[PDB]
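Colleague: Below you will find the structure I want to go over with you.
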Amino acid sequence: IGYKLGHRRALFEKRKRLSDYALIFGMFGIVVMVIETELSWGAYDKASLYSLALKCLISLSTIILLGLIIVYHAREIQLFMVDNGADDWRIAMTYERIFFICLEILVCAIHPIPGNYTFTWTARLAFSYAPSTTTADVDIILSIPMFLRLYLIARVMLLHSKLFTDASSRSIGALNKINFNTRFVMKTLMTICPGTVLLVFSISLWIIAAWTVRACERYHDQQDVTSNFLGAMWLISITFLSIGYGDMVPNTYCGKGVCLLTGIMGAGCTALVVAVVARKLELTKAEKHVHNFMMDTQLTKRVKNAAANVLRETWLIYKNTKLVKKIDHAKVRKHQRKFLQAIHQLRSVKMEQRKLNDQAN
Amino acid sequence: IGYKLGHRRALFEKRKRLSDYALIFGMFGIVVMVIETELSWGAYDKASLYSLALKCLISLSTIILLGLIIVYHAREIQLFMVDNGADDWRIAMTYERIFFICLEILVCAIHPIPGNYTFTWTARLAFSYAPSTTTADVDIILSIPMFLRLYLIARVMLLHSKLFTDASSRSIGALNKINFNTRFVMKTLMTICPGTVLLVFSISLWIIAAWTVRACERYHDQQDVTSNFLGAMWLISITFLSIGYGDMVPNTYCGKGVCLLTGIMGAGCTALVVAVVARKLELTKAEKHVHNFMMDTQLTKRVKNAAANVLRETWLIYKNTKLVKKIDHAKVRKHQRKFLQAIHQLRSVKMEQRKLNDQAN
Amino acid sequence: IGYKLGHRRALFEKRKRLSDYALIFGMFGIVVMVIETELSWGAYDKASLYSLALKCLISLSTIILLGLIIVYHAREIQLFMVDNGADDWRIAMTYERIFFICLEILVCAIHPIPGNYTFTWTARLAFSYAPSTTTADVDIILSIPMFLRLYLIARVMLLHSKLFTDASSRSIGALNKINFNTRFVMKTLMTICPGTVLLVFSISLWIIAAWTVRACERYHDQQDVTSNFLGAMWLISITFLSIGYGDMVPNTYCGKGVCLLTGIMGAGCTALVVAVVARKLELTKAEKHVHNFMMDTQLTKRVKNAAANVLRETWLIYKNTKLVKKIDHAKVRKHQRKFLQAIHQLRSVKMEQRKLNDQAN
Amino acid sequence: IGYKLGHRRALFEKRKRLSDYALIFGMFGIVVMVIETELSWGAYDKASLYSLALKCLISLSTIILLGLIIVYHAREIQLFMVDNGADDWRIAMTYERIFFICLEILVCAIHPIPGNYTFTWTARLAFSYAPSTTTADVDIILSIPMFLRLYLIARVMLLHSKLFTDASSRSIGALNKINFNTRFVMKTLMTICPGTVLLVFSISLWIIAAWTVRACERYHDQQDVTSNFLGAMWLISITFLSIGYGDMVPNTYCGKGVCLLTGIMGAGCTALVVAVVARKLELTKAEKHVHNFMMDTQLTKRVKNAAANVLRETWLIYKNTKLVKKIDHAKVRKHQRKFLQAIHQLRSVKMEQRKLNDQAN
Amino acid sequence: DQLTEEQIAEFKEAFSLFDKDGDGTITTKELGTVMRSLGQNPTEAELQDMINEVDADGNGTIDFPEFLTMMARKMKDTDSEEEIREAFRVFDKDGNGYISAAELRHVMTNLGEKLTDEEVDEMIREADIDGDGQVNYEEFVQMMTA
Amino acid sequence: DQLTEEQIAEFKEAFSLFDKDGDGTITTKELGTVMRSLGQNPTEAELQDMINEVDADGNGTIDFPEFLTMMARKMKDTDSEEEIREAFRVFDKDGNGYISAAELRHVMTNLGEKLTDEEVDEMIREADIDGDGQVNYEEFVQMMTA
Amino acid sequence: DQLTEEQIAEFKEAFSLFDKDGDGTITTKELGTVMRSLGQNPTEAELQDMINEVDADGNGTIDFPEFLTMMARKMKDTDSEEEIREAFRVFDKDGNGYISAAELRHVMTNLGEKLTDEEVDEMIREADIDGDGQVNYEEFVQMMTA
Amino acid sequence: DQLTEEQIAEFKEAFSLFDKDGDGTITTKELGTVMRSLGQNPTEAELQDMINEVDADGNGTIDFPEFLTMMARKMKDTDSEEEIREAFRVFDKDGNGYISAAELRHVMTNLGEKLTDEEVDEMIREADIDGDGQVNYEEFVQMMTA
Ligand SMILES: [Ca+2]
Ligand SMILES: [Ca+2]
Ligand SMILES: [Ca+2]
Ligand SMILES: [Ca+2]
Ligand SMILES: [Ca+2]
Ligand SMILES: [Ca+2]
Ligand SMILES: [Ca+2]
Ligand SMILES: [Ca+2]
Ligand SMILES: [K+]
Ligand SMILES: [K+]
Ligand SMILES: [K+]
Ligand SMILES: [K+]
């Protein structure tokens with residue numbers, strides 16, 4: 001039917017459009033938070049007006065993002081109603097569906113609110129076991145969880161997927177009853193180009209984790225060890241590869257948790273990358289055929305050479321032992337040694353030829 | 001025969017019932033021991049009455065558990081007599097059978113007895129090589145081995161197994177001569193759901209090993225490093241992954257032994273988990289079939305485009321070289337470069353299509 | 001003929017007998033060296049008579065071992081002459097047989113000679129970078145290489161091999177042209193029982209390496225860290241598993257070399273052990289068939305249950321909306337939700353059954 | 001055509017000749033740089049004449065190498081013109097081709113120029129976090145990148161390759177449409193002899209990285225820890241195997257970068273080496289057949305022995321039960337135990353034989 | 001919502017996948033060839049019931065207007081018509097499409113969540129309107145209509 | 001002890017695995033099919049000796065009361081009657097079961113733990129009841145009986 | 001430049017790879033066996049056009065002087081004659097080598113970078129000089145020739 | 001020592017591996033069956049020359065005394081008779097075992113370490129005793145015997 005297919009396409013585009021705005025308004029807030037955190041350490045203090053303005057901008061972006069999420073979920077419920085022949089929206093409200101909306105709202109609602117709030121922080125230093133106490137601001141607690149807003153990139157990639165938005169792809173998949181969920185696209189990407197995915201994921205995790213470690217280690221490091229950015233990069237790299245900590249053990253449980261997560265991720269990433277590299281070094285069918293042809297040629301030549309050498313040595317022994325009148329025993333002994341060596345070489349090359357012929361099967 | 005099958009079934013239920021009581025009376029003792037150990041450090045001392053009462057409870061539970069084990073083994077011997085057509089119980093008593101009963105009794109008999117006993121403990125501190133001497137209680141030596149009572153969970157799982165207690169399962173297994181032992185159930189569980197088993201085993205080992213390390217490190221740590229519970233958790237996690245020790249080296253051989261066991265277990269657990277994850281990321285049937293169809297369509301389209309480009313470049317070169325009176329050499333050189341590029345693209349896409357067809361073969 | 005086979009068999013037994021005496025006279029010297037090294041540190045000094053007597057015993061055993069090696073090689077040359085139809089022994093020297101005899105003599109000739117000799121030793125301490133100088137005896141340099149006499153165990157195992165000394169085995173191998181060298185037996189043992197070989201090799205290497213590390217660390221350790229035997233065992237264990245060094249870094253290049261060798265060995269041993277463990281956890285054919293049968297039965301039952309649920313949910317909706325007068329919309333909405341849930345469960349179980357049947361073959 | 005093939009062959013030889021001179025003039029400069037760096041630390045200073053002479057030699061060699069590279073690329077462009085039926089060299093100049101020539105020139109142009117230049121260097125010491133400042137020469141910055149000249153060895157190996165310079169191989173590749181690039185030769189070498197390639201690469205990387213670490217650590221190490229050559233070798237070896245750093249953490253970003261590169265390389269090298277070792281421990285076809293034959297014979301013998309034992313025990317039980325007048329129950333019970341044991345042994349050996357036959361299927 | 005030209009072009013490209021000949025109709029062998037590449041081997045009897053399900057002219061021809069109708073039902077997540085088909089054929093053997101009242105009462109009281117005796121009695125009474133005993137399970141055609 | 005009603009249901013459900021037709025009778029082909037799916041290919045000769053081993057009515061058909069008897073023997077860990085049969089079949093040639101005392105004396109004095117010549121002399125004397133020399137190994141049925 | 005004596009030896013040795021029975025002639029079956037070892041199974045029609053491509057005597061046999069000519073075209077990275085020919089076979093149907101002028105206008109204005117209407121109109125006029133309608137793509141050889 | 005009873009028992013047990021019948025005779029099919037289990041598939045002609053190689057009675061059967069002789073030649077690491085013979089088969093493919101003097105001079109002056117013309121001239125003169133030109137390589141047994 002013309003209307004029925006046209007109605008579905010309109011809702012698909014409307015749902016696709018709303019996903020880009022959410023990503024924009026999440027990334028804007030993340031970038032502003034990073035800038036505020038960096039500039040509130042040495043440029044200005046937490047009682048000035050720049051912090052107030054930046055946090056007001058963050059709050060406004062958060063409000064807009066929450067509204068966009070609500071509208072997106074309303075449109076998705078409309079699509080569900082269309083796709084199942086249901087004329088009441090209350091049928092779509094299950095316990096599983098309600099929980100995820102609340103989880104999304106809770107994740108996207110956390111941000112540093114304007115104001116001036118402080119608390120007391122106590123830590124135990126590394127390699128010296130000395131106590132350390134300082135007064136810190138609350139906004140560091142509320143800004144680290146803001147990185148959870150990165151789940152919107154997966155949604156945007158799924159809604160912009162070529163397979164997800166192709167009439168022929170859907171038509172073929174319907175015949176085979178294939179669910180076009182977010183897991184199918186990830187598996188397809190892993191089958192197509194695993195190395196690119198692994199590299200991008202590793203670089204993004206590296207940068208984000210190093211910045212987070214530096215941010216947590218600012219407060220208790222008075223010696224420029226774990227608050228250095230290059231030092232944090234090196235520490236994350238050596239924890240990812242599981243070489244050790246050196247003298248870069250954090251004095252904070254935030255750094256310890258980030259290091260544990262980095263090690264857990266690296267444990268699997270290393271194996272996956274190694275498997276991909278091992279697969280990349282194999283030959284193809286035509287290359288294997290050409291290589292086998294050439295190897296057979298050289299093996300035939302060497303077999304012929306060894307066979308000739310054996311007969312040469314035999315004739316030399318016979319000549320030196322009978323035709324010559326006075327027998328030089330050194331010569332005949334040398335020729336017998338060479339005869340045995342030639343026999344061994346001949347049988348070795350024959351064995352190699354047989355092994356290659358068997359392997360070619 | 002009705003009676004023979006009925007008698008056999010009754011013994012199965014009687015043996016099944018006795019296994020739950022042993023698990024209950026072992027876990028009760030373990031929990032009471034943990035509570036006593038925790039509360040005897042700061043709440044009260046070892047000369048009060050609460051310790052006496054708790055240790056008396058532990059001893060009573062131990063006595064009941066030993067009695068239950070004896071009755072269980074008597075019932076199992078009766079079942080053996082029924083299952084082999086033997087009318088004398090002395091036939092069932094072999095050297096192998098007797099040894100395991102004594103081993104079980106010895107394992108289940110160890111517990112902290114009531115009283116007040118102390119000894120002298122000397123240790124060498126880590127990273128500083130300084131001697132340390134203290135007086136400690138004997139009950140810490142007798143309470144750590146109490147974790148060996150966890151072998152009853154496997155017995156309870158085996159006796160409650162669906163395969164072990166299903167008439168059709170036994171009927172089918174008899175025709176194929178299959179031994180329904182503990183190893184078979186473990187292998188079946190690994191084949192069905194390995195990830196759940198690995199996760200549960202890892203979490204239980206993590207918690208138990210961290211508590212044990214803290215308990216051994218209480219006596220010689222006066223700086224809150226290895227006696228901290230979160231620090232012990234982090235140390236166990238980083239030893240499991242084989243990243244290093246940091247500054248968390250124990251001052252006691254108990255901690256060293258626990259770390260060695262954790263590393264040995266992790267060496268294999270990591271590989272098993274990685275293999276499972278790698279297996280779970282692959283496409284299934286009816287998904288590769290859908291993927292290959294779209295790949296073939298895209299390859300066909302790109303081959304047609306490359307051929308069109310080649311023909312267009314050829315025509316442009318011919319037109320610019322002959323039809324036009326003057327010759328602009330820059331144009332013809334550019335068109336020849338594009339012609340070569342199009343040829344290379346065409347052969348590349350042809351090779352890719354051939355490789356895809358060979359893979360799909 | 002009869003005599004030719006009889007003469008050949010006599011040489012085999014004569015060569016077999018001479019290999020046991022060499023192993024005995026090598027192990028005796030190694031044990032005496034270990035005892036002398038242990039007892040010359042605290043019991044007596046190097047100017048007493050016990051050291052002289054023990055070193056004289058070592059020298060006598062070394063002389064006897066060298067004589068035995070010479071006789072063994074003479075017998076092997078006789079066997080070579082018999083086995084190739086040669087009537088002169090000079091046809092056996094090939095610039096390679098000579099080299100290995102000299103290598104064996106050189107390896108077996110090193111031992112601590114009687115006397116009193118000292119030299120100056122300077123080392124750089126770990127974690128403090130402090131110089132350390134002492135005067136040490138030369139016999140520690142001459143006694144460590146004595147562990148190279150362990151290559152005789154492989155020779156004894158080869159000459160006592162069932163395959164090497166079985167008439168039927170040789171008769172069958174001759175038809176297939178199989179070389180019964182020392183590499184064949186090792187590969188056969190690895191195919192049959194790899195775990196036993198791995199365990200024995202690991203335990204022997206552990207003990208020997210720990211003793212060697214302690215022996216080289218005696219001279220420069222004045223704090224009982226790397227000279228402790230249990231500490232050396234723990235250090236070797238954690239270097240084998242590649243967890244780290246902790247605070248157990250040696251101050252001597254003996255320890256560094258032994259740790260490097262232990263890490264190199266562990267890198268491969270861990271992979272071999274985990275591969276064996278993974279291979280030992282799989283099911284066999286009959287139990288696989290039984291498991292598949294039971295799973296098929298369970299899937300059949302669950303599919304029937306889901307199919308019943310679907311029809312149950314369908315009727316109710318009609319009944320509570322046509323047959324019934326008033327319409328309770330909550331009831332019909334609940335029943336429609338349950339209807340959708342039942343449909344999803346049915347398709348899920350059907351997909352699982354199809355996957356099982358597709359993977360069975 | 002005779003002339004056409006003759007002209008093509010001449011260019012191949014002319015291109016081969018120019019590649020050896022570039023390698024010679026690069027290795028000469030590298031060796032002279034190493035000697036100058038070693039001798040400018042303790043023998044003479046940077047204001048003498050020996051440094052001037054050596055750096056003048058380096059500059060002259062660099063000029064000659066640049067000229068050789070230019071001539072080589074001109075000859076390669078001539079080859080391209082011949083091989084594509086073109087008549088103007090401007091058709092060969094693309095963006096990709098131009099970029100690589102400039103990259104090569106830039107890589108080969110860096111070297112320590114004559115003069116006397118210094119700068120200020122500040123570093124943070126390890127395990128103590130103490131600042132360190134010194135004045136250093138610029139030539140250390142310009143001499144480390146000189147190791148990038150090692151890419152010429154691959155070019156020389158490719159141009160001297162047997163496959164690349166054999167008429168039959170080229171003809172077969174032409175019939176099979178095989179691109180004889182530098183990647184094909186590397187894959188062929190990996191298929192033929194991977195262990196040799198791995199060993200050579202590891203040893204060269206070990207030596208070069210250790211020398212580089214020592215050279216960068218000279219300036220800030222006043223305690224002979226990371227400036228020692230053997231210590232650098234040990235540090236590189238233990239970072240390659242990912243065991244840890246010990247107390248050998250560098251105070252310079254040179255060492256940190258080199259250690260990161262060494263760990264990245266080792267992560268893959270270890271897996272490749274262990275895979276090769278695992279592949280090299282397997283039996284061949286004839287060895288497998290002989291082993292299976294012998295195992296079948298042994299299994300047959302053991303089956304017959306167990307079957308005989310069962311009947312012997314049965315007869316003994318019957319004889320003691322009835323034929324003897326007085327019944328000694330101890331003997332009867334012993335014989336019944338032995339009867340059950342024999343039955344179990346028989347069925348175990350039968351199962352083993354069935355498993356062997358199924359495996360050999 | 002009126003299927004603009006670009007949207008029709010996408011369905012035009014999809015239609016050409018089955019319509020290899022380019023004439024403008026999809027035959028049984030044309031449809032069967034595609035399904036064979038996806039890992040299925042349907043019989044001609046299975047194939048025949050798919051064309052006539054969507055075919056409206058009764059000529060075994062699937063043109064472009066009919067191809068759109070087939071897609072609409074396929075893109076749907078759940079089809080109440082087809083899901084009820086699969087439920088009965090689980091218990092429907094002999095390939096005849098008839099279920100006796102004896103087995104229908106048994107399955108609905110022992111399998112699944114289980115109905116109650118008076119409910120199945122009313123259900124059977126409504127189901128067995130004919131009264132012959134052989135309840136052809138096509139009653140859901142009028143059951144879901146209301 | 002008897003059998004509870006629930007216990008009979010478990011065995012009845014197991015019986016339906018072989019009784020696919022629901023006729024209450026297990027035929028030779030019904031028993032063969034389940035064994036083929038388990039990885040075994042017995043011949044009709046091997047199948048026939050299985051039914052009549054448990055069959056008591058002599059009709060070559062296993063019903064429910066006979067099915068219970070078969071399960072009792074199969075669920076035992078060791079069956080002394082069957083294990084002695086397997087030992088004899090190892091040394092049994094030509095598929096007849098009438099091995100002579102020549103091989104019987106040889107195997108019992110050279111293979112395994114071996115028996116004294118006086119022991120086997122009494123053993124053969126008791127074994128050789130027929131007296132022709134072809135010792136049928138069916139004597140084991142009366143060996144365990146007494 | 002010419003061919004030196006050692007260079008001819010290299011090409012002579014390569015010649016013996018196809019010519020198994022040394023007689024100076026390469027037959028159709030000799031070439032086919034070599035290509036079968038490389039994973040290719042050409043038909044006799046495909047093989048036949050290979051010999052006469054380089055055969056100057058017209059005897060259906062490749063000798064040493066003709067073998068050198070075949071090698072020269074093979075060692076080239078790109079052959080303008082061959083690559084243009086392969087492009088036409090992409091759109092070539094029925095294996096006749098003729099393409100209607102209707103298809104040319106469609107491919108050159110919708111596929112690839114695409115040409116304008118004036119460009120293709122001139123191209124059709126030059127390509128289809130005969131005016132019959134069927135455009136044999138043999139006109140490609142006269143493009144590079146002049 | 002040569003006829004120790006333990007050694008004869010070891011070889012007697014090995015003899016029973018081929019002698020499946022137990023009579024004491026190894027037939028052609030008995031030897032072929034063993035070689036088939038080892039991964040080899042010899043023809044009747046190949047196996048026939050094996051029996052008569054060690055057969056002294058000429059009856060075509062290998063008994064125990066002949067079995068010992070076969071083992072003695074097999075246990076040797078190197079047999080001068082066989083290895084020299086195997087080298088000739090490399091250049092002898094027709095199967096009749098005849099090598100012309102033209103190829104013999106060719107191989108010995110270009111392949112391997114090569115011999116000078118004077119030595120091969122004497123070698124050919126000594127080898128070509130018949131003078132017909134077809135140099136049968138039976139001279140190798142003459143070389144070793146003398
Ligand atoms: Ca059509
Ligand atoms: Ca129609
Ligand atoms: Ca039946
Ligand atoms: Ca019956
Ligand atoms: Ca020919
Ligand atoms: Ca010709
Ligand atoms: Ca015979
Ligand atoms: Ca004979
Ligand atoms: K590690
Ligand atoms: K690792
Ligand atoms: K590590
Ligand atoms: K470490």
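Convention: chains lettered A, B, ... in structure tokens order; per-chain residue numbering from 1; ligands numbered from 1 as shown.
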Name the residues, by chain letter and number, that sit within 9 Å of ligand 9 using only C-alpha atoms and all ligand atoms, and give them as an MDAnalysis selection string.
Modeller: (chainID A and resid 241:244) or (chainID B and resid 241:244) or (chainID C and resid 241:244) or (chainID D and resid 241:244)
Colleague: For the selection just defined, write its residues with C-alpha atoms to a file, as a PDB file, in the first residue's frame.
Modeller:
```pdb
ATOM      1  CA  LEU A 241      50.163  -3.992  27.587  1.00  0.00           C
ATOM      2  CA  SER A 242      50.464  -5.411  31.143  1.00  0.00           C
ATOM      3  CA  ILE A 243      54.165  -4.652  31.595  1.00  0.00           C
ATOM      4  CA  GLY A 244      53.881  -3.079  35.039  1.00  0.00           C
TER       5      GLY A 244
ATOM      6  CA  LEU B 241      45.688 -10.176  35.356  1.00  0.00           C
ATOM      7  CA  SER B 242      49.487 -10.448  35.851  1.00  0.00           C
ATOM      8  CA  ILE B 243      50.185  -6.712  35.677  1.00  0.00           C
ATOM      9  CA  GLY B 244      52.414  -6.547  38.746  1.00  0.00           C
TER      10      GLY B 244
ATOM     11  CA  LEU C 241      54.467 -16.617  35.292  1.00  0.00           C
ATOM     12  CA  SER C 242      55.705 -13.129  34.263  1.00  0.00           C
ATOM     13  CA  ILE C 243      53.973 -11.241  37.074  1.00  0.00           C
ATOM     14  CA  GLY C 244      56.975  -9.157  38.102  1.00  0.00           C
TER      15      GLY C 244
ATOM     16  CA  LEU D 241      58.949 -10.434  27.525  1.00  0.00           C
ATOM     17  CA  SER D 242      56.685  -8.099  29.567  1.00  0.00           C
ATOM     18  CA  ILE D 243      57.947  -9.169  32.993  1.00  0.00           C
ATOM     19  CA  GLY D 244      58.437  -5.678  34.403  1.00  0.00           C
TER      20      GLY D 244
END
```
Colleague: Ligand 5: which residues are within 7 Å, counting only C-alpha atoms and all ligand atoms, as a PyMOL selection string?
Modeller: chain G and resi 19-27+30
Colleague: Tell me, in Å to one decimal, how far atom CA of residue 227 of chain B is from atom CA of residue 214 of chain B.
Modeller: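 Distance between the two atoms: 4.7 Å.
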Colleague: As a quick test: using only C-alpha atoms and all ligand atoms, which residues lie no more than 7 Å away from ligand 8? Give them as a PyMOL selection string.
Modeller: chain H and resi 55-63+66
Colleague: Create the file for the chosen residues now, containing N, CA and C atoms and written as an mmCIF file, in the first residue's frame.
Modeller:
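Okay, selection-v4.cif is ready:
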```
data_model
loop_
_atom_site.group_PDB
_atom_site.id
_atom_site.type_symbol
_atom_site.label_atom_id
_atom_site.label_comp_id
_atom_site.auth_asym_id
_atom_site.auth_seq_id
_atom_site.Cartn_x
_atom_site.Cartn_y
_atom_site.Cartn_z
ATOM 1 N N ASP H 55 63.442 -64.781 -1.586
ATOM 2 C CA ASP H 55 63.019 -66.168 -1.736
ATOM 3 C C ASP H 55 64.153 -66.994 -2.330
ATOM 4 N N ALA H 56 64.537 -68.060 -1.633
ATOM 5 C CA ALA H 56 65.570 -68.966 -2.114
ATOM 6 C C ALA H 56 65.010 -70.244 -2.717
ATOM 7 N N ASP H 57 63.877 -70.733 -2.209
ATOM 8 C CA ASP H 57 63.271 -71.947 -2.738
ATOM 9 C C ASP H 57 62.538 -71.716 -4.052
ATOM 10 N N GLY H 58 62.222 -70.466 -4.383
ATOM 11 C CA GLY H 58 61.521 -70.166 -5.613
ATOM 12 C C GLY H 58 60.044 -70.484 -5.608
ATOM 13 N N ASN H 59 59.467 -70.795 -4.450
ATOM 14 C CA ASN H 59 58.052 -71.124 -4.348
ATOM 15 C C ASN H 59 57.163 -69.896 -4.206
ATOM 16 N N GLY H 60 57.743 -68.701 -4.132
ATOM 17 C CA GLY H 60 56.963 -67.491 -3.981
ATOM 18 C C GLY H 60 56.433 -67.237 -2.589
ATOM 19 N N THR H 61 56.920 -67.960 -1.583
ATOM 20 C CA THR H 61 56.469 -67.805 -0.208
ATOM 21 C C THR H 61 57.662 -67.526 0.693
ATOM 22 N N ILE H 62 57.454 -66.670 1.687
ATOM 23 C CA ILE H 62 58.492 -66.302 2.643
ATOM 24 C C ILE H 62 58.223 -67.040 3.947
ATOM 25 N N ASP H 63 59.170 -67.874 4.360
ATOM 26 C CA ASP H 63 59.084 -68.589 5.620
ATOM 27 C C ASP H 63 59.942 -67.881 6.667
ATOM 28 N N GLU H 66 63.763 -67.321 5.719
ATOM 29 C CA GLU H 66 63.906 -66.243 4.747
ATOM 30 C C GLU H 66 63.524 -64.896 5.344
#
```
Colleague: Could you give me, as a ChimeraX atom specification, the residues within 6 Å of segment 83-99 of chain G, counting only C-alpha atoms and dropping anything in the same chain fewer than 5 positions from it?
Modeller: /B:307 /G:134-136
